[PDB]
Amino acid sequence: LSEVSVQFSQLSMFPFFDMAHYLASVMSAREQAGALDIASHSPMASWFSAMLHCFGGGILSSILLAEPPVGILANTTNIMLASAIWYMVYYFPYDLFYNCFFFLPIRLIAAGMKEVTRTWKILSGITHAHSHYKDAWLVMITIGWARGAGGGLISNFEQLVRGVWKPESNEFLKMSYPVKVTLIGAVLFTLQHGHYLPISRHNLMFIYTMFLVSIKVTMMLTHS
Amino acid sequence: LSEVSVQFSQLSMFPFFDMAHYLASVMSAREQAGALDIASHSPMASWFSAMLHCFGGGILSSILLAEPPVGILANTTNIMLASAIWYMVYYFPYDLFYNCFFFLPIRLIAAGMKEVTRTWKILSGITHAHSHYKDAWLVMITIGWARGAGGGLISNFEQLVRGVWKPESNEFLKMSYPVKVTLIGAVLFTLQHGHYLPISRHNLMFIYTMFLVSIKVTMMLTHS
Amino acid sequence: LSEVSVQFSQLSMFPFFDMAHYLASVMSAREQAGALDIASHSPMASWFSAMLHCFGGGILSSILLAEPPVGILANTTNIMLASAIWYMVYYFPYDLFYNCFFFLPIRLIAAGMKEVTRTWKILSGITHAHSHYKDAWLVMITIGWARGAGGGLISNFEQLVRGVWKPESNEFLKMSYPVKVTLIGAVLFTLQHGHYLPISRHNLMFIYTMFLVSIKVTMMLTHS
């Protein structure tokens with residue numbers, strides 16, 4: 001029944017899903033060590049650290065392609081869409097916002113939708129790298145990987161923003177779960193582009209997103 | 001009497017004022033902790049650290065706009081104009097140069113003129129961001145702020161140049177005086193170009209520069 | 001006998017010599033402190049650290065000229081030509097690869113040919129900076145120097161890749177031998193393109209390459 005994958009490919013991420021990636025990234029950034037004290041004594045550094053979690057994919061993909069990183073800041077609709085979630089995750093009265101979204105079902109849905117935004121970011125970078133370099137496989141893998149787990153790769157300098165400098169925790173030394181999955185996804189969809197992978201994009205799109213959501217759901221379920 | 005602000009808007013900064021910003025930035029870089037030993041044992045690192053104080057506004061504004069940072073190095077007239085001040089601040093015979101400009105009236109004039117160069121840098125980055133992005137308010141604020149206090153934002157990596165690594169002293173954690181004033185100035189003049197602020201450009205230019213020079217003059221006076 | 005310098009001005013570096021620079025850079029990167037443990041437990045970090053040694057010249061010259069650093073990754077022939085040397089230097093059976101190239105005559109030839117690749121990289125960056133900026137001397141010096149000893153200037157962040165952070169060992173504080181030689185070469189050949197240096201390009205090319213190979217051969221001979 002390939003008619004269902006065609007319906008899944010018509011999804012738009014501007015309203016609902018972009019907020020889910022921004023919320024899951026800001027909440028996961030708050031749950032990190034010493035992030036509450038940053039927002040309590042320095043809202044500017046905690047906000048910029050949240051933007052590195054939300055738009056880290058577009059920032060790294062722009063720096064690697066010699067594209068202006070301020071161009072991501074031009075979309076005032078998206079920047080304000082993530083800043084409002086940041087202010088509510090940290091500075092909501094009675095912390096009713098975080099306590100509501102920390103609930104297990106709501107946290108599963110929000111995180112699972114961020115996994116969906118990761119897919120289109122990978123394909124965005126792969127097709128965008130194709131616009132700059134035609135059949136260069138390594139460029140498309142790099143930019144698609146840069147948009148999939150951008151915040152995970154700038155995580156070393158993102159830690160430097162909040163104040164913690166950990167030179168021993170490099171992403172290439174121990175590839176974390178999201179970064180290595182984005183690497184696998186970037187390679188697969190580059191072969192999907194490259195036509196070396198015998199499957200349509202939309203079917204590979206659906207099965208990779210499902211294989212990603214199912215794992216993180218299982219992780220968040222087996223963790224609590 | 002708005003006829004005086006029109007006369008003030010006609011200042012050219014190429015001869016006198018650019019040297020004032022370069023001198024105030026190089027001298028303030030020397031007075032930092034452990035800067036004399038850098039120039040005495042490694043003139044290369046102290047010179048580059050001085051260039052990050054002088055041209056830090058243009059460097060950060062070029063990196064944010066994907067513009068070549070080496071383009072700032074193209075103006076050999078400006079680079080030599082700051083390197084000559086660097087060599088005289090550190091390596092002048094009998095230190096007659098620094099001892100002359102460390103005098104309170106001369107230090108007040110040189111620093112007060114750097115406050116004037118900060119204004120045109122803010123407006124240069126706001127109008128330059130307007131050339132790249134029409135009515136994007138956040139881009140004009142970012143680039144105008146990047147040229148106002150550029151050396152203050154790269155201060156973390158500028159410290160890494162001389163050899164001091166302070167991951168705890170982030171500019172976003174505690175906003176210093178010059179950086180936060182440039183932020184206020186970048187926001188005000190951005191509302192001016194967007195015509196959201198009910199005042200002419202020339203008058204807002206003059207009152208902001210005066211409000212800036214008067215504060216630093218008061219600071220340098222109340223400090224000695 | 002200027003008839004021999006013309007025959008030398010004609011070496012093509014695509015087959016033999018590019019592998020020599022990649023081999024000498026990867027082997028010298030392995031001989032660094034704690035580099036074997038990186039490749040044994042984190043092949044991704046050791047590979048990227050090896051690429052920063054091989055293509056650090058092109059990477060830094062691209063970042064300084066606002067050119068896409070991923071553009072160096074487009075040449076899959078050159079990237080695979082260096083990654084194969086990386087895998088054989090580290091993961092060859094019985095380490096027969098490193099033990100063969102660590103032999104003194106073979107190590108002298110491989111390192112001496114990397115010194116030849118350094119020459120064309122300096123001239124590549126000088127002529128490339130001439131294409132972006134006509135008679136800008138400082139830009140031609142910077143880019144030619146950026147291609148000559150690129151891995152030596154990103155060495156601070158390259159150390160951050162493998163996991164070691166030394167904020168005290170800056171290249172400008174104590175200029176190493178290869179970096180300061182590339183600076184001298186970048187200045188000499190910049191005076192050549194500007195015709196301020198009374199010598200033909202081909203002759204200055206040959207005498208500078210010989211003066212560089214003879215020194216490193218003497219160093220490797222007096223070190224063992």
# chains A, B, ... in the order shown; residues from 1 in each chain; ligands from 1

call {"tool": "residues_around", "arguments": {"residues": "region 151-159 of chain B", "least_positions_apart": "4", "cutoff": "6 Å", "atoms": "only C-alpha atoms", "output": "ChimeraX atom specification"}}
result
/B:52-53,56,164

call {"tool": "interface_residues", "arguments": {"of": "chain A", "to": "chain C", "cutoff": "10 Å", "atoms": "only C-alpha atoms", "output": "PyMOL selection string"}}
result
chain A and resi 61-68+129+132-140+142-143+156+165-175

call {"tool": "write_last_selection", "arguments": {"atoms": "N, CA, C and O atoms", "output": "short mmCIF file (atom, residue, chain, number, x, y, z; two decimals), in the first residue's frame"}}
result
data_model
loop_
_atom_site.label_atom_id
_atom_site.label_comp_id
_atom_site.auth_asym_id
_atom_site.auth_seq_id
_atom_site.Cartn_x
_atom_site.Cartn_y
_atom_site.Cartn_z
N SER A 61 25.01 24.19 8.51
CA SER A 61 24.91 24.00 7.07
C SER A 61 25.21 25.28 6.30
O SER A 61 25.67 25.23 5.16
N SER A 62 24.96 26.44 6.92
CA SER A 62 25.28 27.71 6.27
C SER A 62 26.77 28.01 6.34
O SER A 62 27.35 28.53 5.38
N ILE A 63 27.41 27.69 7.47
CA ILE A 63 28.84 27.94 7.61
C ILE A 63 29.63 27.01 6.70
O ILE A 63 30.64 27.42 6.10
N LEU A 64 29.19 25.76 6.56
CA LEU A 64 29.90 24.82 5.70
C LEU A 64 29.75 25.18 4.23
O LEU A 64 30.64 24.87 3.42
N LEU A 65 28.64 25.82 3.85
CA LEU A 65 28.39 26.21 2.47
C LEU A 65 28.74 27.67 2.20
O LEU A 65 28.33 28.21 1.17
N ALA A 66 29.48 28.31 3.10
CA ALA A 66 29.84 29.73 2.98
C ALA A 66 28.61 30.62 2.88
O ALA A 66 28.67 31.72 2.33
N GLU A 67 27.49 30.16 3.42
CA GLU A 67 26.25 30.93 3.42
C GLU A 67 26.13 31.73 4.71
O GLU A 67 26.63 31.31 5.76
N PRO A 68 25.49 32.90 4.66
CA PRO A 68 25.42 33.76 5.84
C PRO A 68 24.63 33.11 6.96
O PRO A 68 23.45 32.76 6.78
N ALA A 129 22.65 21.06 -1.17
CA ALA A 129 24.01 20.77 -1.61
C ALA A 129 24.03 20.35 -3.07
O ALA A 129 25.04 20.55 -3.76
N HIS A 132 24.22 23.52 -5.11
CA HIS A 132 25.56 24.07 -5.15
C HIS A 132 26.55 23.15 -5.86
O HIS A 132 27.38 23.63 -6.64
N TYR A 133 26.46 21.85 -5.62
CA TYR A 133 27.34 20.86 -6.24
C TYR A 133 26.48 19.73 -6.77
O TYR A 133 25.80 19.05 -5.99
N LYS A 134 26.54 19.50 -8.09
CA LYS A 134 25.64 18.58 -8.77
C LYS A 134 25.67 17.17 -8.18
O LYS A 134 24.84 16.84 -7.33
N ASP A 135 26.60 16.33 -8.64
CA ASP A 135 26.67 14.94 -8.22
C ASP A 135 27.81 14.68 -7.24
O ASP A 135 28.41 13.60 -7.24
N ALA A 136 28.11 15.66 -6.38
CA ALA A 136 29.12 15.49 -5.35
C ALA A 136 28.48 14.80 -4.15
O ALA A 136 27.71 15.41 -3.41
N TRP A 137 28.81 13.52 -3.95
CA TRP A 137 28.16 12.74 -2.91
C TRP A 137 28.55 13.21 -1.51
O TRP A 137 27.70 13.35 -0.63
N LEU A 138 29.85 13.47 -1.30
CA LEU A 138 30.31 13.83 0.04
C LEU A 138 29.74 15.16 0.51
O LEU A 138 29.49 15.34 1.71
N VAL A 139 29.54 16.10 -0.41
CA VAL A 139 28.97 17.39 -0.03
C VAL A 139 27.52 17.22 0.43
O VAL A 139 27.10 17.82 1.42
N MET A 140 26.76 16.38 -0.27
CA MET A 140 25.36 16.18 0.09
C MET A 140 25.23 15.42 1.40
O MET A 140 24.31 15.69 2.19
N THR A 142 27.41 15.67 3.81
CA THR A 142 27.84 16.60 4.86
C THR A 142 26.75 17.59 5.20
O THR A 142 26.44 17.81 6.38
N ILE A 143 26.13 18.21 4.19
CA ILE A 143 25.14 19.25 4.45
C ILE A 143 23.85 18.64 4.98
O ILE A 143 23.20 19.21 5.87
N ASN A 156 30.09 21.22 21.20
CA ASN A 156 31.29 21.61 21.92
C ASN A 156 31.35 23.12 22.12
O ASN A 156 31.59 23.60 23.23
N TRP A 165 33.39 24.14 29.34
CA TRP A 165 34.33 23.80 28.28
C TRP A 165 34.81 22.37 28.51
O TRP A 165 35.63 22.12 29.40
N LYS A 166 34.29 21.44 27.71
CA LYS A 166 34.65 20.02 27.79
C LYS A 166 35.40 19.63 26.52
O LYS A 166 34.78 19.20 25.53
N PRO A 167 36.73 19.75 26.50
CA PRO A 167 37.48 19.36 25.29
C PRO A 167 37.54 17.86 25.07
O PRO A 167 37.94 17.43 23.98
N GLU A 168 37.17 17.05 26.06
CA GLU A 168 37.26 15.60 25.94
C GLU A 168 36.02 14.97 25.31
O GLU A 168 36.10 13.84 24.82
N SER A 169 34.89 15.67 25.32
CA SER A 169 33.64 15.13 24.79
C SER A 169 33.40 15.67 23.38
O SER A 169 32.55 16.53 23.14
N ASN A 170 34.19 15.15 22.44
CA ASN A 170 34.02 15.47 21.03
C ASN A 170 33.01 14.51 20.40
O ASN A 170 32.93 13.34 20.76
N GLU A 171 32.24 15.04 19.45
CA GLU A 171 31.21 14.23 18.82
C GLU A 171 31.81 13.13 17.95
O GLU A 171 31.23 12.04 17.84
N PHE A 172 32.96 13.39 17.33
CA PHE A 172 33.63 12.37 16.53
C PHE A 172 34.30 11.31 17.40
O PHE A 172 34.50 10.18 16.93
N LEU A 173 34.66 11.65 18.64
CA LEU A 173 35.26 10.66 19.53
C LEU A 173 34.24 9.60 19.92
O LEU A 173 34.48 8.39 19.75
N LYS A 174 33.09 10.02 20.45
CA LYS A 174 31.98 9.12 20.75
C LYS A 174 30.73 9.69 20.08
O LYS A 174 30.13 10.64 20.59
N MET A 175 30.36 9.11 18.94
CA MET A 175 29.19 9.57 18.21
C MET A 175 27.93 9.24 19.00
O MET A 175 27.64 8.06 19.25
#

call {"tool": "calpha_fit_and_write", "arguments": {"fixed": "chain A", "moving": "chain C", "output": "mmCIF file with C-alpha atoms, in the first residue's frame"}}
result
data_model
loop_
_atom_site.group_PDB
_atom_site.id
_atom_site.type_symbol
_atom_site.label_atom_id
_atom_site.label_comp_id
_atom_site.auth_asym_id
_atom_site.auth_seq_id
_atom_site.Cartn_x
_atom_site.Cartn_y
_atom_site.Cartn_z
ATOM 1 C CA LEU C 1 0.092 -0.073 0.115
ATOM 2 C CA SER C 2 2.291 2.735 -1.212
ATOM 3 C CA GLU C 3 -0.762 5.028 -1.209
ATOM 4 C CA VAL C 4 -0.120 5.986 2.428
ATOM 5 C CA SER C 5 3.525 7.032 1.968
ATOM 6 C CA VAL C 6 2.483 9.586 -0.665
ATOM 7 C CA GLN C 7 0.022 11.092 1.816
ATOM 8 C CA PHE C 8 2.839 11.232 4.377
ATOM 9 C CA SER C 9 5.325 12.784 1.915
ATOM 10 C CA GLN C 10 3.109 15.875 2.109
ATOM 11 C CA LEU C 11 3.445 17.152 5.676
ATOM 12 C CA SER C 12 4.016 20.891 6.036
ATOM 13 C CA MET C 13 6.312 21.670 8.962
ATOM 14 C CA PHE C 14 5.782 25.442 9.214
ATOM 15 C CA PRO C 15 3.017 25.568 11.896
ATOM 16 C CA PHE C 16 2.945 22.508 14.139
ATOM 17 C CA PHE C 17 6.191 20.620 13.629
ATOM 18 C CA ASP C 18 8.709 23.478 13.748
ATOM 19 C CA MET C 19 7.483 24.298 17.257
ATOM 20 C CA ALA C 20 7.953 20.637 18.208
ATOM 21 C CA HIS C 21 11.629 20.689 17.229
ATOM 22 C CA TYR C 22 12.096 24.016 19.020
ATOM 23 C CA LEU C 23 10.353 22.709 22.145
ATOM 24 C CA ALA C 24 12.174 19.370 22.308
ATOM 25 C CA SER C 25 15.520 21.086 21.708
ATOM 26 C CA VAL C 26 14.905 23.820 24.292
ATOM 27 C CA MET C 27 13.594 21.373 26.903
ATOM 28 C CA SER C 28 16.514 19.004 26.306
ATOM 29 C CA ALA C 29 18.830 22.016 26.576
ATOM 30 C CA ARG C 30 17.243 22.959 29.911
ATOM 31 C CA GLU C 31 17.572 19.424 31.305
ATOM 32 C CA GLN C 32 21.337 19.630 30.730
ATOM 33 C CA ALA C 33 23.674 20.209 33.660
ATOM 34 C CA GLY C 34 23.591 23.727 35.074
ATOM 35 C CA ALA C 35 21.205 25.142 32.468
ATOM 36 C CA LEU C 36 18.662 26.529 34.950
ATOM 37 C CA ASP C 37 21.242 28.775 36.624
ATOM 38 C CA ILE C 38 22.167 30.206 33.216
ATOM 39 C CA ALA C 39 18.586 31.252 32.479
ATOM 40 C CA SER C 40 18.127 32.579 36.021
ATOM 41 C CA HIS C 41 21.222 34.818 35.991
ATOM 42 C CA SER C 42 21.914 35.280 32.248
ATOM 43 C CA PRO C 43 18.844 35.155 29.987
ATOM 44 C CA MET C 44 20.971 36.192 26.999
ATOM 45 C CA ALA C 45 23.265 33.156 27.189
ATOM 46 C CA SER C 46 20.414 30.704 27.783
ATOM 47 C CA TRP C 47 18.507 32.144 24.817
ATOM 48 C CA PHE C 48 21.476 31.952 22.444
ATOM 49 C CA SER C 49 22.226 28.453 23.738
ATOM 50 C CA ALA C 50 18.607 27.541 22.979
ATOM 51 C CA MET C 51 18.902 28.946 19.453
ATOM 52 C CA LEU C 52 21.974 26.763 18.900
ATOM 53 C CA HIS C 53 19.790 23.763 19.757
ATOM 54 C CA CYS C 54 16.909 24.857 17.519
ATOM 55 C CA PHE C 55 18.704 26.339 14.492
ATOM 56 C CA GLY C 56 22.048 24.571 14.895
ATOM 57 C CA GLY C 57 21.283 22.543 11.785
ATOM 58 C CA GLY C 58 20.796 25.623 9.634
ATOM 59 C CA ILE C 59 23.712 27.445 11.259
ATOM 60 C CA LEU C 60 26.254 24.690 10.609
ATOM 61 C CA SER C 61 24.929 24.004 7.103
ATOM 62 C CA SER C 62 25.283 27.716 6.319
ATOM 63 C CA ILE C 63 28.841 27.931 7.671
ATOM 64 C CA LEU C 64 29.886 24.813 5.748
ATOM 65 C CA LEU C 65 28.402 26.206 2.506
ATOM 66 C CA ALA C 66 29.892 29.710 3.020
ATOM 67 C CA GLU C 67 26.310 30.989 3.408
ATOM 68 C CA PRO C 68 25.505 33.815 5.853
ATOM 69 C CA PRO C 69 24.557 32.376 9.255
ATOM 70 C CA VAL C 70 22.582 35.564 9.905
ATOM 71 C CA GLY C 71 20.335 34.454 7.037
ATOM 72 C CA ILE C 72 18.720 31.989 9.430
ATOM 73 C CA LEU C 73 17.973 34.982 11.680
ATOM 74 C CA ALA C 74 16.132 36.714 8.819
ATOM 75 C CA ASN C 75 13.054 34.475 9.200
ATOM 76 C CA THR C 76 11.614 36.457 12.097
ATOM 77 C CA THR C 77 8.602 34.128 12.087
ATOM 78 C CA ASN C 78 10.781 31.106 12.895
ATOM 79 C CA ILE C 79 13.118 32.935 15.290
ATOM 80 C CA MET C 80 10.203 34.338 17.295
ATOM 81 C CA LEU C 81 8.464 30.949 17.132
ATOM 82 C CA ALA C 82 11.436 29.407 18.967
ATOM 83 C CA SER C 83 12.168 32.281 21.364
ATOM 84 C CA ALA C 84 8.584 32.201 22.650
ATOM 85 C CA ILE C 85 9.014 28.507 23.460
ATOM 86 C CA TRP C 86 12.321 29.356 25.152
ATOM 87 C CA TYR C 87 10.743 32.004 27.383
ATOM 88 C CA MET C 88 7.852 29.699 28.311
ATOM 89 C CA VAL C 89 10.084 26.690 29.034
ATOM 90 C CA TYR C 90 12.154 28.745 31.497
ATOM 91 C CA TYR C 91 10.161 31.773 32.701
ATOM 92 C CA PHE C 92 6.558 30.553 32.722
ATOM 93 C CA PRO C 93 4.578 31.371 35.895
ATOM 94 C CA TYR C 94 4.625 28.425 38.314
ATOM 95 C CA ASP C 95 6.584 26.534 35.621
ATOM 96 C CA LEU C 96 3.216 25.323 34.319
ATOM 97 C CA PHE C 97 4.664 25.102 30.806
ATOM 98 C CA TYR C 98 7.540 22.701 31.494
ATOM 99 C CA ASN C 99 5.526 20.632 33.983
ATOM 100 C CA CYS C 100 2.860 20.179 31.292
ATOM 101 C CA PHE C 101 5.249 19.214 28.479
ATOM 102 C CA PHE C 102 7.444 17.067 30.744
ATOM 103 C CA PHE C 103 4.441 14.725 30.979
ATOM 104 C CA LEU C 104 5.343 11.430 29.325
ATOM 105 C CA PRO C 105 2.705 11.346 26.522
ATOM 106 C CA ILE C 106 3.246 15.005 25.611
ATOM 107 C CA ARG C 107 7.029 14.607 25.739
ATOM 108 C CA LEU C 108 6.766 11.541 23.487
ATOM 109 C CA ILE C 109 4.694 13.386 20.874
ATOM 110 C CA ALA C 110 6.859 16.519 20.916
ATOM 111 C CA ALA C 111 10.105 14.550 20.662
ATOM 112 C CA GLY C 112 8.640 12.204 18.052
ATOM 113 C CA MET C 113 7.696 15.186 15.893
ATOM 114 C CA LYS C 114 11.206 16.632 16.184
ATOM 115 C CA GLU C 115 12.359 13.344 14.649
ATOM 116 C CA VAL C 116 10.086 14.135 11.696
ATOM 117 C CA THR C 117 11.592 17.612 11.297
ATOM 118 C CA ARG C 118 15.020 15.950 11.249
ATOM 119 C CA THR C 119 14.044 14.096 8.061
ATOM 120 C CA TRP C 120 13.160 17.140 5.951
ATOM 121 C CA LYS C 121 16.244 18.946 7.267
ATOM 122 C CA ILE C 122 18.455 16.114 5.997
ATOM 123 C CA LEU C 123 16.723 16.195 2.612
ATOM 124 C CA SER C 124 16.811 20.003 2.586
ATOM 125 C CA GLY C 125 20.585 19.973 3.000
ATOM 126 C CA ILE C 126 21.026 17.188 0.449
ATOM 127 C CA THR C 127 18.982 18.944 -2.238
ATOM 128 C CA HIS C 128 20.558 22.284 -1.291
ATOM 129 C CA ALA C 129 24.041 20.797 -1.634
ATOM 130 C CA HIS C 130 22.873 19.426 -4.988
ATOM 131 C CA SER C 131 22.065 22.998 -6.043
ATOM 132 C CA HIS C 132 25.622 24.069 -5.164
ATOM 133 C CA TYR C 133 27.387 20.855 -6.254
ATOM 134 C CA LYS C 134 25.642 18.584 -8.765
ATOM 135 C CA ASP C 135 26.683 14.952 -8.209
ATOM 136 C CA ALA C 136 29.124 15.508 -5.327
ATOM 137 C CA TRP C 137 28.176 12.722 -2.923
ATOM 138 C CA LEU C 138 30.337 13.828 0.017
ATOM 139 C CA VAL C 139 28.943 17.377 -0.064
ATOM 140 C CA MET C 140 25.346 16.133 0.003
ATOM 141 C CA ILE C 141 26.169 13.811 2.908
ATOM 142 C CA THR C 142 27.884 16.589 4.870
ATOM 143 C CA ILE C 143 25.176 19.239 4.484
ATOM 144 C CA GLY C 144 22.296 16.814 4.996
ATOM 145 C CA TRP C 145 24.080 15.574 8.108
ATOM 146 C CA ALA C 146 24.764 19.178 9.146
ATOM 147 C CA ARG C 147 21.029 19.959 9.147
ATOM 148 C CA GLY C 148 19.973 16.693 10.792
ATOM 149 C CA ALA C 149 22.132 16.997 13.923
ATOM 150 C CA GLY C 150 23.554 20.506 13.746
ATOM 151 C CA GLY C 151 23.163 21.285 17.434
ATOM 152 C CA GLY C 152 24.893 17.998 18.211
ATOM 153 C CA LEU C 153 27.987 18.932 16.197
ATOM 154 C CA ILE C 154 28.272 22.512 17.501
ATOM 155 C CA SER C 155 27.605 21.026 20.940
ATOM 156 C CA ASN C 156 31.246 21.632 21.883
ATOM 157 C CA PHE C 157 31.018 25.361 21.153
ATOM 158 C CA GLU C 158 27.410 25.442 22.371
ATOM 159 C CA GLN C 159 28.718 24.268 25.742
ATOM 160 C CA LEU C 160 31.237 27.112 25.487
ATOM 161 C CA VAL C 161 28.283 29.497 25.174
ATOM 162 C CA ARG C 162 26.721 28.514 28.503
ATOM 163 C CA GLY C 163 30.147 28.372 30.154
ATOM 164 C CA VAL C 164 31.244 24.719 30.230
ATOM 165 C CA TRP C 165 34.318 23.692 28.220
ATOM 166 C CA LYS C 166 34.796 19.932 27.751
ATOM 167 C CA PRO C 167 37.646 19.354 25.260
ATOM 168 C CA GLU C 168 37.329 15.599 25.875
ATOM 169 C CA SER C 169 33.703 15.117 24.755
ATOM 170 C CA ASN C 170 34.092 15.436 21.001
ATOM 171 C CA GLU C 171 31.292 14.182 18.777
ATOM 172 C CA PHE C 172 33.739 12.301 16.540
ATOM 173 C CA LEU C 173 35.397 10.530 19.482
ATOM 174 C CA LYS C 174 32.084 9.052 20.695
ATOM 175 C CA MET C 175 29.228 9.518 18.227
ATOM 176 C CA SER C 176 25.985 10.037 20.130
ATOM 177 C CA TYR C 177 22.700 8.436 19.107
ATOM 178 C CA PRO C 178 21.088 11.365 17.208
ATOM 179 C CA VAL C 179 24.295 12.400 15.434
ATOM 180 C CA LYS C 180 25.167 8.897 14.230
ATOM 181 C CA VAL C 181 21.571 8.326 13.109
ATOM 182 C CA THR C 182 21.633 11.554 11.089
ATOM 183 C CA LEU C 183 24.872 10.325 9.505
ATOM 184 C CA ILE C 184 23.166 7.076 8.482
ATOM 185 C CA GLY C 185 20.168 9.005 7.173
ATOM 186 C CA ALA C 186 22.335 11.498 5.294
ATOM 187 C CA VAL C 187 24.176 8.616 3.617
ATOM 188 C CA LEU C 188 20.947 6.773 2.777
ATOM 189 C CA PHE C 189 19.146 9.755 1.239
ATOM 190 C CA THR C 190 22.312 10.778 -0.622
ATOM 191 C CA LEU C 191 22.290 7.348 -2.267
ATOM 192 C CA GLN C 192 18.610 8.034 -3.000
ATOM 193 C CA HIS C 193 19.209 11.291 -4.877
ATOM 194 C CA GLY C 194 22.098 9.636 -6.713
ATOM 195 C CA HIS C 195 19.729 6.731 -7.467
ATOM 196 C CA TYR C 196 22.210 4.205 -6.052
ATOM 197 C CA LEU C 197 19.563 3.104 -3.517
ATOM 198 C CA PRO C 198 16.698 0.972 -5.125
ATOM 199 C CA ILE C 199 13.717 2.654 -3.467
ATOM 200 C CA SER C 200 11.553 5.692 -4.134
ATOM 201 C CA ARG C 201 12.213 8.869 -2.166
ATOM 202 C CA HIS C 202 8.768 8.922 -0.542
ATOM 203 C CA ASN C 203 8.969 5.333 0.727
ATOM 204 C CA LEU C 204 12.538 5.677 2.010
ATOM 205 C CA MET C 205 11.392 8.914 3.661
ATOM 206 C CA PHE C 206 8.556 7.194 5.518
ATOM 207 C CA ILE C 207 10.459 4.092 6.634
ATOM 208 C CA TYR C 208 13.436 6.119 7.890
ATOM 209 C CA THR C 209 11.197 8.515 9.823
ATOM 210 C CA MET C 210 9.308 5.586 11.362
ATOM 211 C CA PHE C 211 12.541 3.766 12.230
ATOM 212 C CA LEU C 212 13.679 6.974 13.968
ATOM 213 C CA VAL C 213 10.485 7.793 15.886
ATOM 214 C CA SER C 214 10.107 4.191 17.067
ATOM 215 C CA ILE C 215 13.617 4.168 18.551
ATOM 216 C CA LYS C 216 13.364 7.444 20.465
ATOM 217 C CA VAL C 217 9.907 6.493 21.760
ATOM 218 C CA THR C 218 11.381 3.202 22.977
ATOM 219 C CA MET C 219 14.318 5.066 24.540
ATOM 220 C CA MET C 220 12.126 7.575 26.383
ATOM 221 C CA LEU C 221 9.858 4.727 27.503
ATOM 222 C CA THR C 222 12.695 2.510 28.773
ATOM 223 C CA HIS C 223 14.401 5.477 30.484
ATOM 224 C CA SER C 224 11.505 6.525 32.737
#

call {"tool": "select_by_dssp", "arguments": {"residues": "region 22-216 of chain B", "states": "helix (DSSP H, G or I)", "output": "PyMOL selection string"}}
result
chain B and resi 22-30+35-41+43-54+56-64+69-74+76-91+93-101+104-132+137-148+150-153+155-162+177-193+201-216
